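Below: the structure, in structure tokens.
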Amino acid sequence: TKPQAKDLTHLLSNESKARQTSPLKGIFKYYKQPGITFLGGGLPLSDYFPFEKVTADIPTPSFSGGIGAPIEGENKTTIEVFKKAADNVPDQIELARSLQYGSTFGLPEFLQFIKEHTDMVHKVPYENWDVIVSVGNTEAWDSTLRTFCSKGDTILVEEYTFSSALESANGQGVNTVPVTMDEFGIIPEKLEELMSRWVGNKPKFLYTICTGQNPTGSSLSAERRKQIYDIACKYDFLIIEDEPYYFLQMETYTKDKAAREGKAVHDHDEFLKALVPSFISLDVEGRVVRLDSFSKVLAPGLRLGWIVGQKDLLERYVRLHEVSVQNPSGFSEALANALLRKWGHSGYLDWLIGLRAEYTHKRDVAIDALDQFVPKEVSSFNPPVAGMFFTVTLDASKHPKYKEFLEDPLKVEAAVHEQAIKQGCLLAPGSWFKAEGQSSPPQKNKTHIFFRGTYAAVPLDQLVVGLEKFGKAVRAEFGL
Amino acid sequence: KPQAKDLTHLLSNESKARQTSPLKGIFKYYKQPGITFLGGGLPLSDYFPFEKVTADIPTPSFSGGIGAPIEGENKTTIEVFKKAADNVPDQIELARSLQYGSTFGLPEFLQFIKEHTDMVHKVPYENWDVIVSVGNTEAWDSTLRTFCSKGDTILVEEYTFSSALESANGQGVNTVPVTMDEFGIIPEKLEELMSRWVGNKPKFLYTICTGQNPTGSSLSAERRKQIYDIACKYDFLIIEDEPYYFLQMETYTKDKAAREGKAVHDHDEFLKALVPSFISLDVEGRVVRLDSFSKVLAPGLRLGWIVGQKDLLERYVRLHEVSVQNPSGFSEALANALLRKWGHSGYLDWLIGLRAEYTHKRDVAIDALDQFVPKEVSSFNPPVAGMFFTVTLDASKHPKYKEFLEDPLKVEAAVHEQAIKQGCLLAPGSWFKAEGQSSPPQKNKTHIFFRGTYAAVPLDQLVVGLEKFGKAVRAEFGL
Ligand SMILES: Cc1ncc(COP(=O)(O)O)c(CN[C@@H](Cc2ccccc2)C(=O)O)c1O
Ligand SMILES: Cc1ncc(COP(=O)(O)O)c(CN[C@@H](Cc2ccccc2)C(=O)O)c1O
Ligand SMILES: [Cl-]
Ligand SMILES: [Cl-]
Ligand SMILES: [Cl-]
Ligand SMILES: [Cl-]
């Protein structure tokens, strides 16, 4: 048995602490009892639900054909969720129950699978941890800001990060103070330094996309995670790890093409050992909240994820969920439960190992094309170890119009972006992801630009075409 | 038809400041031939592990009743394949329904639901639209976030839905109660409250106007007209939270033999019988309607929609993009398939079946209140819509009224405890009371009630429960 998490209820917003259960909780205990005719509720009867069953056709472990193989023949199984429990295989969420209102924590069969998944991978190192359902990391992030932040509070964000996360914070009047990165992500020394001289109320938390970081394609090393966790403990702020790309971890990139087949993980044990430690895995104090999603693993349209953290903080999310999103789609949760239990933990691991193999190959093709096509006199690139994104860094100070552009790297970025489009390829300008913010009160007191690309969006031949056109655009702009 | 009023001045400063993604600057290139688009984050439909989803649904015109077993001639299989080429027309193929998409909603679903909205409500200004929600719970949270800043005031029914007040409380939005009688908001007292209003006007009125939770009241056409006039006069919005709209029923009669003759049979009779919505009256575009499938299909869809003027709906979409993102593509693709397989004609058949089922449940409940509750100390308004009935009691006739210091809440508590002892549980009316004051505040009762539902238990158990409730009132009042 592990220690208890620290009491962090002092990091909740005043508004989150004041949230209450329904005044009709005070009759729920009679909802079970026979002898009592319960007329005090509002539940419709499952008798009219016009869904006798739902089915899906899904692929079959171990996905020996690759996870993208046609779903047919031996690679097709039909899962069925009937309305009535008696008509179902074991451990299903029958539609009479999954299509009824229920507990906002989530349906028990789904929570059990996703909790086992979480513990097998992350070995959460305090006793009083839990999982609750979300309708994806988008909602879970909105709900995080509502649970831990009042208007005028500060959070720390990666100095280049996800535009939607900043928009969500902006909408709630929460200041996003940027944390300095290098090509490998957050620099722990500058985060420590920032905190050591912090003026005014401390930030409530750090928001990190620590695996396959959007837009940098960086992943924090186990060593940087340890140091950042120590800073969160020393200055007493939470870490919110928004981790939709956790299972897009890949084999380390090598230029030696011949070495690549040999590098693949060979079984479930090698796979689990290869995964970078999560902040939850490090979280002896219970100050980590993890946002997990099926979006990049199964499909975005599930609108289903979960949140990992200490019981007493997750309870405040459940109160908010009751009067905001209520619960995920019963169809998504019943079908996800059916797929995961049909595959089993073994099959889901096979799926995640297939996902690793496919992304590893996409990344090798992307970075081989960067190495080949992009002029090195004015460019650099960090091969990603995780995620769907790659970046190309350019020394804007080498652009032959840099003086004529008033030494403004963003005018070089705009020129390269326009030239790329003229050459027939589009990447996302890095400056579009820049986070800006000041604490209240504010704290006291660059020639390189980059572009974000994805290797997950298009067929791999069109990827190579694209990046050749991007190399040309950089050669045209820099006169090479 | 005319343009709606410009009501952008009623948006919260926070809502007005919301922006689109900086990555809209490149979406136009996303389709274009000749551009290799690497600027996005869309994972690949090739890997979505769902080749097909199907559902077994009942078959119009639901002649055996909407709860008839879904088997034989009363079983249709709808199928949504991953690939468009594999589907019947007008489906949302899983390659698209399980992909990120417009937060407005998937086009085939929006088209059906907009057709339905106009067919029933005949929206009387040009620039109206519909957007998707994940139910009226979310749409209400989003309404507060779109039209209210902390310390703003909204008007609510004196007795209303606990989750709606909890949502407003979490946002620091004051809920000022509007006086009701057994038929709902009393317009004359709302006009008076507004005529005397000091300080910033309330942003809107929140009304569960059909099958009101918990009163079981439904505003008459006449009251809706009077309330609409007040909303236009003082320039506030009306938010009609209307999950129970299609639980409208035939008017109650004691005369069992009269019931079948006055029941709607036909589509034309059905559309004529429905109470006008506030959107049907909304010549100015100051109404937002929260619509849901929860009480019509099933709560677990987590799918509804919002009706209102385009420029206000665009602000809900900005919010939705960074809050719920979109409904489940399974929910949206399956609802689109069911609704299009039934068609508008089958959907009306379904809503006419729902009307008949609820009409009968209400008839059984009200016949049992009439039979078993002592008339000496009680009254009841038979609902014309919704899932709730109420029993009103004169607490001042309780033999312990003096012993209770003339506190009706002590009579309520005693009747509640006695009901539980006799084996029947209803919800005390006082639990639904709304309290609030504006900033600054506006300048400066013997009846109690209980909420029951006739929609939760089999009708034989309902009559069991109400006879026990009758015994409980008889014991407490000494009759
Ligand atoms: C950092 C980060 N957090 C969350 C998500 C989305 O998670 P979900 O809600 O699906 O569980 C992402 C994914 N980024 C996508 C999302 C998107 C939004 C609108 C249109 C297309 C795609 C992106 O924009 O790159 C994420 O990066
Ligand atoms: C006035 C009102 N508005 C919304 C809803 C729910 O709409 P949805 O989000 O399903 O579209 C209701 C219905 N109320 C239920 C909700 C519930 C909460 C907790 C546990 C069970 C059910 C009720 O309790 O009565 C509504 O009345
Ligand atoms: Cl890295
Ligand atoms: Cl930059
Ligand atoms: Cl009424
Ligand atoms: Cl009362």
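Here the protein sequences come in this chain order: B and A. Under PDB author numbering, read the first sequence as residues 5 to 449, 457 to 491, first letter to last. Under PDB author numbering, read the second sequence as residues 6 to 449, 457 to 491, first letter to last. Cβ coordinates follow ideal geometry from the N, Cα and C atoms, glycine included.
Going by CA-CA distance only, name the one from B:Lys-300, B:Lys-6, B:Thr-108, B:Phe-462 that's closest to A:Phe-53.
-> B:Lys-300
Among the residues of its own chain, which have a CB less than 6 angstroms from the CB of A:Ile-75, if the five just before and after it don't count?
-> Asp-61, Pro-63
Sorry if obvious, but does the Cβ on A:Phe-42 come closer than 8 angstroms to a heavy atom of ligand 5?
-> no
Chain-order list of residues whose beta-carbon lies under 6 angstroms from that of B:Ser-444 (same chain, five-residue window excluded) = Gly-156
Counting only beta-carbon atoms, is B:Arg-150 nearer than 9 angstroms to chain A?
-> yes
What are the residues of the segment 55-74 of chain B that lie near chain A, defined by any Cβ-Cβ distance shorter than 7 angstroms?
-> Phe-55, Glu-56, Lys-57, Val-58, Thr-59, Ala-60, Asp-61, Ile-62, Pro-63, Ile-71, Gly-72
Does ligand 6 have even one heavy atom less than 8 angstroms from the beta-carbon of A:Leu-414?
-> yes
Could you tell me whether the segment 283-297 of chain A touches the segment 309-328 of chain A, using the rule of 3 or more Cβ pairs below 8 angstroms?
-> yes
Is it right to say B:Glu-56 is buried, meaning 16 or more other beta carbons lie within 10 angstroms of its own, or is it exposed?
-> buried
Establish whether the CB of B:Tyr-257 and some CB of chain A are separated by less than 9 angstroms.
-> no
Compute the minimum distance between the beta carbon of A:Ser-26 and the heavy atoms of ligand 4, and state whether it is under 8 angstroms.
-> no
Proximal chain B residues relative to A:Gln-473, where beta-carbon distance stays under 7 angstroms = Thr-41
Cα-Cα separation between B:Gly-216 and B:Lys-277, rounded to whole angstroms | 18 angstroms
If I'm right that A:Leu-295 touches A:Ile-284 with Cβ under 8 angstroms, what's the distance once you round it to whole angstroms?
-> Not a contact, Cβ separation roughly 11 angstroms.
How about B:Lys-87: is its C-beta nearer than 9 angstroms to some C-beta of chain A?
-> yes
Beta-ladder partner(s) of B:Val-85, from DSSP | B:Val-58
Contiguous beta strand (DSSP E) assignments of at least 3 residues, all confined to the segment 17-80 of chain B = 57-62
Note down, in chain order, each residue of its chain lying with its Cβ closer than 6 angstroms to the Cβ of B:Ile-118, except the 5 sequence neighbours on either side.
-> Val-135, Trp-310
For A:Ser-17, collect the residues of the same chain with a Cβ closer than 7 angstroms to its Cβ; drop the 5 residues on either side in sequence, then sort them by chain order.
-> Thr-151, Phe-152, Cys-153, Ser-154
For B:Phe-461, which residues does DSSP report across the bridge?
-> B:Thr-397
Give the range of the alpha helix (DSSP H) segment to which B:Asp-234 is assigned.
-> 226-239
Identified DSSP bridge partners for A:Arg-294 | A:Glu-245, A:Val-312
Give, in chain order, every residue of the segment 281-308 of chain A whose Cβ lies closer than 8 angstroms to some Cβ of chain B.
-> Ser-299, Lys-300, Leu-302, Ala-303, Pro-304, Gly-305, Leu-306, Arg-307, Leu-308
Expected contact under 8 angstroms - CB spacing of B:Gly-351 and B:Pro-182 to nearest Å = Not confirmed; about 41 angstroms, so no contact.
Is A:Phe-481 near ligand 5, going by C-beta to nearest heavy atom under 8 angstroms?
-> no
Quick one: any contact between the segment 400-411 of chain A and the segment 462-482 of chain A, if contact means 3 or more CB pairs under 8 angstroms?
-> no
Would you mind telling me which residues of chain B sit closer than 7 angstroms to A:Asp-146, beta carbon to beta carbon, in chain order?
-> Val-327, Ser-328
Tell me which same chain residues have a C-beta within less than 6 angstroms of the C-beta of A:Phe-385, skipping the five on either side of it?
-> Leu-374, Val-396
Fully enclosed by the segment 160-239 of chain B, which beta strand (DSSP E) runs are 3 residues long or longer?
-> 179-183, 209-212
Taking all protein chains shown into account, decide if B:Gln-447 is buried (16 or more other Cβ within 10 angstroms of its Cβ) or exposed.
-> exposed
Drop a sphere of 10 angstroms on the beta-carbon of A:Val-93, count the other beta-carbons inside from all chains shown, and report buried for 16 or more, exposed for fewer.
-> exposed
For B:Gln-24, decide whether its Cβ has a neighbour in chain A, counting only Cβ atoms nearer than 9 angstroms.
-> yes
Between B:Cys-153 and chain A, is there a C-beta pair that is closer than 9 angstroms?
-> no
Contact test: B:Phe-385 Cβ vs ligand 4 heavy atom, cutoff 8 angstroms = no
Does the beta carbon of B:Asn-331 come closer than 9 angstroms to any beta carbon on chain A?
-> yes
Answer yes if the segment 175-192 of chain A comes into contact with the segment 33-51 of chain B, meaning at least three C-beta pairs across the two stretches below 8 angstroms, and no otherwise.
-> no
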